[PDB]
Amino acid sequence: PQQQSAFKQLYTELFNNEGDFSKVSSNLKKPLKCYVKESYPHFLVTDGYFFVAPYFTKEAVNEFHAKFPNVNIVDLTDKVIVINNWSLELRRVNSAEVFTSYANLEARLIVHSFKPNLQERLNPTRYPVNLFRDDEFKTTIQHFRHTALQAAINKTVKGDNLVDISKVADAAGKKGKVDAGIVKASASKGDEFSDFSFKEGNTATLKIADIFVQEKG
């Protein structure tokens, strides 16, 4: 029924629309009011159910540092922020190194403008969990890959190259190597499957440590 998690609904709709942010429902592109769980070494904000990592543009922090002098970003822990201008992108990453991702895919929250509300902002919430560790969400991403994988395999594998029945039915005096059952899924370059059709968004962003040196060298 109704999805309580703003983030989960947003990120799920993005993946269910091949990473196209223009195909995601317009009634969901309203300002995001979220609680800041951590600010360093990782900046993580919650929507009351999950936590995701926002990716700030150089423009976003400079604008911030102007309209709100001396109010450091890396010290926003336990305070709220309102993201007025933001976009969602899909990026290929190394899930073994990035914890805010799954199956080498990440949905990024690109922040263009955000204002802090220190006004004793509250809200009794459940413990926030990594959206990329959620059962249903992991499943949504698996669906995404399964669709890309199946489309690539039905395009790549043709001609019904079936193992000759004699090779198996009359296997006495016949030895074989199992790697004969290995079939390439797509026209890739390396050992990883990368035949996707969503155009990987680019957009430059700041490393959380640069915003820490900019405020406290």
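Numbers for residues come from their place in the sequence shown, where the first is 1. Here the rigid core means the biggest group of C-alpha atoms that line up within 1.5 Å when the two forms are laid on top of each other.
Averaged as a root mean square over residues and superposed structures in 8 other deposited structures of this protein, CA distances to the shown form are larger in 121-129; the pair compared was 93-101 and 121-129 with a core fit. Relative to the displayed structure, the C-alphas of 112-120 lie farther away on average in 8 other deposited structures of this protein than those of the other candidate, with 112-120 and 135-143 compared after rigid core superposition.
The mean Cα B-factor in the deposited entry runs higher for 186-194 than for the other of 154-162 and 186-194. For the pair 87-95 and 115-123, the mean Cα B-factor is higher in 115-123. If you compare the C-alpha temperature factors of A148, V178, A60, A53 in the entry, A60 comes out highest.
In this PDB entry, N72 carries a Cα temperature factor that places it within the highest third of its chain's modelled residues. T205: CA B factor lies in the middle third for its chain, per the PDB record. Compared with the other modelled residues of the chain, the Cα B-factor recorded for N17 ranks in the middle third. Among the modelled residues of its chain, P31 has a C-alpha B-factor that falls in the highest third according to the deposited record.
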